[PDB]
Amino acid sequence: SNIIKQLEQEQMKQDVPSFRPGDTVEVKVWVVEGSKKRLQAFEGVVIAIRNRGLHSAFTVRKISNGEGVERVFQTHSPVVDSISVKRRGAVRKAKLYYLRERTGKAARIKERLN
Amino acid sequence: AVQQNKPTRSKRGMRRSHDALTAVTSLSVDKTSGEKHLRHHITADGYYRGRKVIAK
Amino acid sequence: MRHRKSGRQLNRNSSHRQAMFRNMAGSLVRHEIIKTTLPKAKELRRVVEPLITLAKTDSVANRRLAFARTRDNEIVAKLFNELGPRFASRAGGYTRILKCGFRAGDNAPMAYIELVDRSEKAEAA
Amino acid sequence: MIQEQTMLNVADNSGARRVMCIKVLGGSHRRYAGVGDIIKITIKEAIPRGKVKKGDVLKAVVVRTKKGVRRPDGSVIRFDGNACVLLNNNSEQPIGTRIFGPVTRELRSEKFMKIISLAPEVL
Amino acid sequence: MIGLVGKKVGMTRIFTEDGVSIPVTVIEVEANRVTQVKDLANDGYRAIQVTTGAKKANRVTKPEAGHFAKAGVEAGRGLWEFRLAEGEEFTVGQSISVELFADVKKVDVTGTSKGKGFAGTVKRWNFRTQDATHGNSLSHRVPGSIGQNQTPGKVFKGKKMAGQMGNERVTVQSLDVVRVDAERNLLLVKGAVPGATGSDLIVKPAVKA
RNA sequence: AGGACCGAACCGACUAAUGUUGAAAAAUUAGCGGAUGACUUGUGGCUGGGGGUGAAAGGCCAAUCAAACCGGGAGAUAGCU
RNA sequence: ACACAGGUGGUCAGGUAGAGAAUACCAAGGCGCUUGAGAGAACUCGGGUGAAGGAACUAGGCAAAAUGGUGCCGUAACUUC
RNA sequence: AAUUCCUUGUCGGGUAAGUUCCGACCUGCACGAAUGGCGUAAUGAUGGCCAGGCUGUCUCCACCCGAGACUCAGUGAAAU
RNA sequence: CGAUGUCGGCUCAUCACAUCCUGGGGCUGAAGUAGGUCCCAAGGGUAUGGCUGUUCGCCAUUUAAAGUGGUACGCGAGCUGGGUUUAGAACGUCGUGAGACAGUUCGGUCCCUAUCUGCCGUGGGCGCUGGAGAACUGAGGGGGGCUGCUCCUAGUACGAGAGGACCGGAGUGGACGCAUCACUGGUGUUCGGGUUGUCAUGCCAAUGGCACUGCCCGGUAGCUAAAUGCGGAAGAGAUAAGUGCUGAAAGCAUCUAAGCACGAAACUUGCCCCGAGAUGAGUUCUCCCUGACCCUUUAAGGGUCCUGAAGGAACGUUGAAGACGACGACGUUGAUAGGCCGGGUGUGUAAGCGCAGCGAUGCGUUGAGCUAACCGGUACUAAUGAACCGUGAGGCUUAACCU
Ligand SMILES: Nc1nc2[nH]cnc2c(=O)[nH]1
Ligand SMILES: [Mg+2]
Ligand SMILES: [Mg+2]
Ligand SMILES: [Mg+2]
Ligand SMILES: [Mg+2]
Ligand SMILES: [Mg+2]
Ligand SMILES: [Mg+2]
Ligand SMILES: [Mg+2]
Ligand SMILES: [Mg+2]
Ligand SMILES: [Mg+2]
Ligand SMILES: [Mg+2]
Ligand SMILES: [Mg+2]
Ligand SMILES: [Mg+2]
Ligand SMILES: [Mg+2]
Ligand SMILES: [Mg+2]
Ligand SMILES: [Mg+2]
Ligand SMILES: [Mg+2]
Ligand SMILES: [Mg+2]
Ligand SMILES: [Mg+2]
Ligand SMILES: [Mg+2]
Ligand SMILES: [Mg+2]
Ligand SMILES: [Mg+2]
Ligand SMILES: [Mg+2]
Ligand SMILES: [Mg+2]
Ligand SMILES: [Mg+2]
Ligand SMILES: [Mg+2]
Ligand SMILES: [Mg+2]
Ligand SMILES: [Mg+2]
Ligand SMILES: [Mg+2]
Ligand SMILES: [Mg+2]
Ligand SMILES: [Mg+2]
Ligand SMILES: [Mg+2]
Ligand SMILES: [Mg+2]
Ligand SMILES: [Mg+2]
Ligand SMILES: [Mg+2]
Ligand SMILES: [Mg+2]
Ligand SMILES: [Mg+2]
Ligand SMILES: [Mg+2]
Ligand SMILES: [Mg+2]
Ligand SMILES: [Mg+2]
Ligand SMILES: [Mg+2]
Ligand SMILES: [Mg+2]
Ligand SMILES: [Mg+2]
Ligand SMILES: [Mg+2]
Ligand SMILES: [Mg+2]
Ligand SMILES: [Mg+2]
């Protein structure tokens with residue numbers, strides 16, 4: 001516990017920016033592209049956050065080619081290179097699972113602006 | 001399902017070989033009231049570990 | 001299995017337990033000593049002591065919160081006027097269980113549970 | 001996580017639109033196929049003048065599933081539905097000539113290199 | 001090679017430079033103190049007996065205390081033996097730390113598995129359930145037939161039936177050693193090991209490859 | 001208007017689980033059909049055993065009806081056990 | 001046969017919501033059903049939620065799940081209209 | 001065929017695959033005209049077959065809430 | 001025949017071997033790849049569906065394979081009830097008829113609280129020779145034992161070509177098994193929120209009860225699989241069929257008579273679990289007990305007074321231990337449980353007040369308030385000073401040391 005807490009926080013990123021459910025987020029991820037290693041962008045809406053120290057995670061949801069793609073990131077993974085908020089969204093819930101039944105015009109999210 | 005044969009009085013007694021009660025071995029005497037009582041329980045006049053803890 | 005779980009089921013369903021401890025928690029606050037089965041007395045601490053803790057800070061919201069958990073304005077009034085101040089500086093453990101007999105009618109193990117610094121005047125009034 | 005009776009959309013221009021999985025290939029009593037796995041399918045709907053027809057029996061590789069794929073740091077990539085790419089029964093090479101929607105790098109096989117090149121997006 | 005005694009702390013993960021997440025059981029391994037050396041002449045076999053931990057004086061019986069006093073070590077929470085190899089040698093009162101595993105690639109880990117109480121055949125033996133509907137009467141998780149007929153006219157020993165599950169010794173083999181650190185009393189192994197947080201573990205270098 | 005439609009009471013009894021030394025010698029729960037009609041129901045009456053009654057199932061006729069129940073012939077007879 | 005979840009004709013008809021004598025919550029009134037206390041195993045009964053799949057179950061979609069209101073738009077073969 | 005033994009007849013349709021189903025043939029073991037023949041809209045807690053939706057029916061079972069089961073106290077059976 | 005329930009399915013199996021796959025081998029009309037046939041081999045493994053009550057069978061698609069048989073054609077006091085022996089009804093056929101069919105068709109009650117054996121678990125007792133606490137030894141028992149594909153060797157050997165290996169090594173999967181909850185998720189009627197009808201708390205505002213947790217959206221701990229770790233082995237011994245060496249009987253030959261070398265997933269080990277009631281009750285370390293008397297049938301005798309240890313148990317607070325027992329932790333020289341403090345987590349900006357708006361409502365105070373089983377702390381509450389069991393130096397014989 002202390003031992004574990006101590007093992008876990010020496011592995012934790014220090015500069016995770018603040019973001020919240022409904023925000024539009026761009027995550028830059030390290031990938032091996034054939035024989036290259038590059039950053040690849042993945043942009044979408046944060047529909048779920050799991051706050052849990054080192055095991056923190058978050059689910060980003062986007063539309064590719066008419067169909068939805070959801071990516072669960074482990075926030076502290078070295079695979080995740082950076083996170084940046086592209087727009088601040090206004091929602092009430094913590095978990096936006098209802099957006100999965102919505103498409104295009106129905107799935108929009110107002111801007112927070114404050 | 002029921003017996004094909006009548007069990008014996010011997011068998012009945014074996015079955016019961018674990019039925020005996022245990023006498024309480026842990027009575028104490030309250031040092032103020034002089035009453036007997038189960039350990040860690042109050043006495044009938046409401047004393048415990050020497051203090052009158054319950055008026056009744 | 002039951003690993004690491006709290007809460008006694010008491011051969012009741014969830015809404016009955018809650019009404020019951022709501023009544024029983026008022027009984028203890030009003031009379032300052034009651035007798036009940038040992039297991040109910042032990043569950044009860046977990047309901048009455050957070051009420052007393054709450055009452056250590058007098059505010060409309062804390063009164064209403066306590067009202068919602070007791071639905072009896074005599075009890076919330078005593079919590080905040082008398083019991084909060086009695087226990088102002090006691091870090092928990094506002095109640096005490098005294099084990100006593102076995103109930104005649106069904107042999108249930110019984111106990112008294114009382115407010116620690118008990119007022120016999122309050123008890124009779 | 002595809003099994004017998006499962007229905008899949010189709011991520012190519014083979015002309016198929018809806019296919020049913022009638023066998024998970026690759027082992028006795030094998031239960032599920034996932035991204036990268038080959039299935040046997042029957043075609044339940046196809047367009048009018050495509051490369052295949054309703055009722056044709058063939059193979060396909062799964063390229064998107066709802067159950068998703070795990071990556072090595074613990075991550076998950078999930079898709080809103082199950083899709084596959086039709087494969088010749090014998091050569092197990094793609095019937096279609098184009099691929100639609102995103103695919104995953106789990107396909108990077110000698111065998112499925114053509115599918116990732118054609119894919120609009122690779123995750 | 002000898003093994004060591006430890007405590008299961010819990011699981012967590014190590015992230016690697018290139019994106020792998022290794023799940024690790026955290027095992028606490030304090031110095032093991034040697035409380036008796038057994039040899040051929042005196043015992044018929046070769047072994048060390050060790051303790052680790054600390055124990056409450058008022059809980060140390062006199063027999064126990066004489067045994068510890070004899071070795072010149074303070075009481076520990078228990079005693080465990082590890083067989084010796086030819087050339088393996090130790091001395092009473094010697095301290096053995098977790099650095100013993102510094103260059104051991106894999107270890108076997110023994111623990112007492114969590115207790116699931118009285119378990120039915122579905123959970124204990126993966127039996128399959130009979131029909132939930134289709135007229136089934138009172139027989140969904142029940143076991144089915146437990147035998148044949150007149151021949152043999154009996155149920156066979158070993159028959160898989162319901163009963164106590166877990167709370168037993170279980171050894172999980174060939175777990176990778178992910179980290180050893182004596183200054184913190186730590187050993188990290190890859191994967192899950194038996195037992196609940198808190199319970200004792202025996203760690204030995206892997207008997208296999 | 002209607003042996004009309006949906007649907008409570010009321011009448012019935014298609015399915016399933018439970019129960020089967022039952023809560024019950026035929027039920028209970030969830031569903032089901034009829035519900036202005038060849039409907040349903042109270043009180044009283046009439047039909048009697050080779051007889052009644054039967055939109056007919058040998059159905060019903062006081063908790064077992066291809067011949068009710070009680071008493072009698074009666075200790076029928078029993079080359080069977 | 002029981003202080004038995006059964007059977008038993010008529011009368012009365014409060015408030016809110018509601019088409020309603022359905023249904024939910026209440027009033028007047030009546031009750032908590034005459035063994036209780038703990039525990040929180042298998043298994044049984046009765047329920048709630050369920051990843052991916054969706055009849056692959058089975059004699060059979062048995063059981064579940066689902067549908068479910070009002071208003072308006074709209075509605076095929078066939079037909080004794 | 002509520003009728004067909006041979007019989008899962010044969011041919012066609014549906015299914016990836018259909019001893020059932022639908023359509024057709026006629027070789028009707030053993031249909032047929034008030035012992036009514038052949039049709040027939042509507043009706044049907046009627047029999048067979050198909051599809052959409054739906055789902056713990058199933059792959060394959062998990063967790064949970066309650067009544068028993070288990071323990072204590074009182075009463076206290078049964079078949080054999 | 002004063003009753004031994006029938007086909008098929010489901011669940012659960014267990015044995016044989018005349019072996020389906022995998023393993024070893026002889027012959028081949030065996031070039032290789034792939035086959036055929038016989039011998040050895042029972043360690044493990046040995047398909048889902050369409051039709052039909054089907055078993056079977058045909059068919060579709062898998063697989064290394066989809067084995068053959070015994071077990072009351074295994075298995076209804078374990079389930080089903082589709083087939084098939086009741087009563088209803090109809091068709092064909094037969095019969096004057098009642099009726100009949102071993103023809104077909106629609107419909108059609110499956111009871112039993114386990115005494116004994118057996119089996120799965122779990123305790124109590126006594127024993128093991130004074131008693132006690134641990135740690136062991138390991139006789140015996142159980143578990144496990146499956147296999148695809150790809151790559152290197154090598155486009156090599158072989159082959160006209162097409163194709164395409166043995167031996168050996170690497171990797172990655174299918175099914176199966178155990179463990180675990182860190183991750184991904186399910187659940188989470190004990191957490192937070194939204195909301196419909198109604199009733200109450202005097203009313204506003206705020207709340208609470210009931211309606212499946214009223215209906216829902218999320219979700220902590222725990223439990224858990226679909227989640228993610230790990231496993232089957234290598235090695236060794238002795239072998240099977242089989243291959244040989246040396247070698248006479250039998251001047252030669254001959255694997256065999258003497259002698260000698262090999263040889264498989266079977267056997268014995270090696271791996272995992274139980275295990276000294278292993279009454280053949282074993283070993284090691286440690287701990288504890290150092291008073292008298294009486295009586296008879298005088299003996300391993302019976303009793304009395306005084307003693308009462310080590311330990312065990314009891315009581316209490318309890319546990320990721322548990323039906324009960326058991327097992328683990330703790331009992332003030334104290335974190336055992338509850339509370340309490342701080343944190344995390346979940347929910348998602350409480351109440352009150354102020355501002356804006358005619359109002360619904362919005363905004364600010366405010367990531368607010370609330371927050372279970374969680375983490376880190378804390379003696380506030382409860383874990384009593386003490387009594388119960390267990391004794392008081394432990395038999396005879398012989399040997400070896402020592403007196
Ligand atoms: N009260 C009490 N405390 C203890 N601490 C250790 N053992 C005991 C015991 O038996 N009783
Ligand atoms: Mg009870
Ligand atoms: Mg309720
Ligand atoms: Mg609450
Ligand atoms: Mg040990
Ligand atoms: Mg347990
Ligand atoms: Mg099944
Ligand atoms: Mg029944
Ligand atoms: Mg049932
Ligand atoms: Mg039987
Ligand atoms: Mg016998
Ligand atoms: Mg009508
Ligand atoms: Mg009904
Ligand atoms: Mg009607
Ligand atoms: Mg009458
Ligand atoms: Mg006469
Ligand atoms: Mg007579
Ligand atoms: Mg009564
Ligand atoms: Mg009554
Ligand atoms: Mg009503
Ligand atoms: Mg589901
Ligand atoms: Mg879903
Ligand atoms: Mg669907
Ligand atoms: Mg089917
Ligand atoms: Mg089937
Ligand atoms: Mg139904
Ligand atoms: Mg329903
Ligand atoms: Mg079908
Ligand atoms: Mg036809
Ligand atoms: Mg009708
Ligand atoms: Mg329960
Ligand atoms: Mg009793
Ligand atoms: Mg008999
Ligand atoms: Mg053989
Ligand atoms: Mg031959
Ligand atoms: Mg076998
Ligand atoms: Mg084959
Ligand atoms: Mg049979
Ligand atoms: Mg039965
Ligand atoms: Mg027949
Ligand atoms: Mg030995
Ligand atoms: Mg209001
Ligand atoms: Mg042992
Ligand atoms: Mg606000
Ligand atoms: Mg807090
Ligand atoms: Mg003496």
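Proteins get letters first, then strands, A, B, ... in listed order; numbering begins at 1 in each. Excluded from the calculations below are hydrogen atoms, water molecules and symmetry mates; all remaining heavy atoms, backbone and side chain alike, are included.
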Checklist entry - Under a 3.5 Å cut-off for both distances, is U37(I) Watson-Crick or wobble paired, and to whom? => result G26(I)

Checklist entry - Paired with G192(I): which nucleotide, if any, by Watson-Crick or G-U wobble criteria at under 3.5 Å for both distances? => result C217(I)

Item to check | Syn or anti conformation of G81(I), syn meaning chi within 90° of 0 | outcome: syn

Checklist entry - Base, sugar-phosphate, or nothing: which does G44(E) touch, judged by heavy atoms less than 4.0 Å apart? => result nothing

Checklist entry - Yes or no on salt bridge (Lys or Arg N to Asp or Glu O under 4.0 Å) for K53(D) and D56(D), after CA distance, side-chain angles and deciding distance? => result CA-CA 6 Å; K53(D) 298 183 157 193; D56(D) 285 355; over 6 Å; no

Checklist entry - Does any nucleotide pair with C116(I) by Watson-Crick or G-U wobble geometry, both distances under 3.5 Å, and what is it? => result none

Checklist outcome for this item: Winner on side-chain proximity to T37(C), out of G38(G), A323(I), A205(I), is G38(G)

Checklist entry - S28(B) has a side chain; which of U317(I), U384(I), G229(I) sits nearest to it? => result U384(I)

Next on the checklist: Among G348(I), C183(I), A39(G), which nucleotide has an atom closest to any side-chain atom of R70(D)?
Outcome noted: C183(I)

Checklist entry - With no hydrogens and no angle check, is any side-chain donor or acceptor of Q130(E) less than 3.5 Å from a backbone partner on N136(E)? => result no

Next on the checklist: For a quick check of understanding: with a heavy-atom distance under 4.0 Å over all strands, which category does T129(E) fall into, base, sugar-phosphate or nothing?
Outcome noted: sugar-phosphate

Checklist entry - If you look at every strand shown and take non-hydrogen atoms under 4.0 Å, does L79(E) touch a base, only sugar-phosphate, or nothing? => result sugar-phosphate

Next on the checklist: When you compare the ring of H134(E) with the six-membered ring of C62(G)'s base, are the centres less than 5.5 Å apart and the planes under 30° from each other?
Outcome noted: yes

Checklist entry - Would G214(I) and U195(I) pass as a Watson-Crick or G-U wobble pair if both distances have to be under 3.5 angstrom? => result yes

Checklist entry - Between the side-chain atoms of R52(A) and the base atoms of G344(I), is any donor-acceptor pair under 3.5 Å? => result no

Next on the checklist: Using only modelled atom types and a 3.5 angstrom limit, is any donor from either the side chain of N107(C) or the base of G36(G) paired with an acceptor on the other?
Outcome noted: no

Item to check | Residue pair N89(D) / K40(D), side-chain donor-acceptor N/O under 3.5 Å | outcome: yes

Item to check | Which nucleotide in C341(I), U201(I), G385(I) has an atom nearest any side-chain atom of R71(C) | outcome: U201(I)

Item to check | Of the listed nucleotides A175(I), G118(I), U180(I), the one nearest the side chain of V155(E) | outcome: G118(I)

Item to check | Counter-base of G36(G), judged by Watson-Crick or G-U geometry with both distances under 3.5 Å | outcome: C72(H)

Next on the checklist: Just checking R92(A): does its CZ atom have more than 12 heavy atoms from other residues, nucleotides or ligands closer to it than 6.0 angstrom?
Outcome noted: no

Next on the checklist: Tell me whether the rings of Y94(C) and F87(C) are parallel (<30°), tilted (30 to 60°) or perpendicular (>60°).
Outcome noted: tilted

Next on the checklist: If you go through the side-chain atoms of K62(E), does one of them form a donor-acceptor pair with the base of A310(I) closer than 3.5 Å?
Outcome noted: no

Checklist entry - Does any nucleotide pair with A134(I) by Watson-Crick or G-U wobble geometry, both distances under 3.5 Å, and what is it? => result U284(I)

Item to check | Under-3.5 Å donor-acceptor pair between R59(E) side chain and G331(I) base | outcome: yes

Item to check | Base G194(I) to side chain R92(A), donor-acceptor N/O within 3.5 Å cut-off | outcome: no

Item to check | Complementary nucleotide of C262(I), counting Watson-Crick and G-U pairs under 3.5 Å | outcome: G242(I)

